[PDB]
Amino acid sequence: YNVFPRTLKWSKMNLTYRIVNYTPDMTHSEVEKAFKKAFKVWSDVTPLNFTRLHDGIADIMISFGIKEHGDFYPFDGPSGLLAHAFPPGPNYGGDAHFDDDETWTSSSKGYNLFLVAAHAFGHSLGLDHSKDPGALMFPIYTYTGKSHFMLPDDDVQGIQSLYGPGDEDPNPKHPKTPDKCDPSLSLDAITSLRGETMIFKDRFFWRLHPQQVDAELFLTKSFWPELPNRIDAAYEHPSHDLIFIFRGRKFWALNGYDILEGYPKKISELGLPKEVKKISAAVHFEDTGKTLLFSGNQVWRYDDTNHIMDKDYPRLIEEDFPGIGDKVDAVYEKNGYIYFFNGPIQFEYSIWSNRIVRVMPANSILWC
């Protein structure tokens, strides 16, 4: 998190807002509802209260505007600038303006008025932008998903550095961005994409370019809005430019940011039985045309080139890959080595000598 220079903050806990005008994109009640919900994100974790006035001057004046709308900071039409807000203070301070050239919804489409508003109000209360990509106060918008909204840990720590905690946090466990340098880190899925490593953890992925030591951290929704936050497994088809992504019994095929026609498919179409609930890990080999699909303590080998499961699967991981334990969290390969992730360790496996040759921490893939 970051706070404002001179640490601008309100000197009172009892704050008033007023909705000066309304977007036509939603009904007054729906808009009153979004803003109320936006103020509660902050009131739930602080001593702050928010009271709505119907006339006069409030601390937080809320308005919708298009292009030049009064202050000399004009909006820009569809997309781009979504809204803006002033830090705590008289007059303009604490105020928030929304670009009505956006289509404001209470849904996943357009731009979600509650989501932008919560962010805006963070400014109104004294939070600057955050560098944490998982943080509400991140400078760039992402629709967070269809599940109920939890305010991320960074924003909570930020806001509480100004105002302290409330009496009762209704949701005390706040989502924390994963720490690449934590030796207990375990991974959800790994793949390549255009040369670069993709490492999935919760609702994030790091992308790591081989000429780089520091991995870029992304929200998975920022690449693929129509995919799950958390994923089970991932593999690639280098030539073809294709990523495959698993979550429960569904899988996607992805060509950059595009979900191919006819996905998601059911993993049964891949020829898995009904009692397989998830693919825990997966890896594809370019030269042979075969994919490995892990689940529980077993492996399937699928032939991508003839679209059938190879004969004599499933087999046991214990039997084909001795010495890596009983499960496979995530798996990728390079230069004739397969890297098996199992909790906080990774087993480097030699296809060549058919044995483990090096054992190293999982998070070691992130130059930690």
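All residue numbers refer to positions in the sequence shown, first residue = 1.
Visitor: Taking the recorded C-alpha temperature factors, which stretch has the higher mean, 79-87 or 165-173?
Guide: Higher mean C-alpha B-factor in the PDB entry: 165-173.
Visitor: Averaging CA B factors per stretch from the PDB record, which one is higher: 139-147 or 207-215?
Guide: 139-147 has the higher mean C-alpha B-factor.
Visitor: When the CA B-factors of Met13, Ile19, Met360, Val357 are compared as recorded in the entry, which is the largest?
Guide: Answer for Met13, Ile19, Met360, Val357: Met13, with the highest C-alpha B-factor.
Visitor: Among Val41, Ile66, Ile324, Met26, which residue carries the highest C-alpha B-factor recorded in the PDB entry?
Guide: Most elevated C-alpha B-factor of the set, per the entry: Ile66.
Visitor: Would the CA B-factor of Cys181 place it in the lowest, middle or highest third of its chain?
Guide: For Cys181, whose C-alpha B-factor we compare with every modelled residue in the chain, the answer is the middle third.
Visitor: Hey, what third does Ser130 fall into on Cα B-factor, ranked over its chain?
Guide: It belongs to the lowest third of the chain when residues are ordered by C-alpha B-factor.
Visitor: According to the PDB entry, is the CA B factor of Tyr313 in the bottom, middle or top third of its chain, that is, lowest, middle or highest?
Guide: Answer is highest: the recorded C-alpha B-factor places it there.
Visitor: For the chain shown, is the CA B-factor of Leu366 in the lowest, middle or highest third of its modelled residues?
Guide: Lowest third, going by the recorded CA B-factors of the chain.
Visitor: Taking the entry's C-alpha B-factors for this chain, is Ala330 in the lowest, middle or highest third?
Guide: It belongs to the lowest third of the chain when residues are ordered by C-alpha B-factor.
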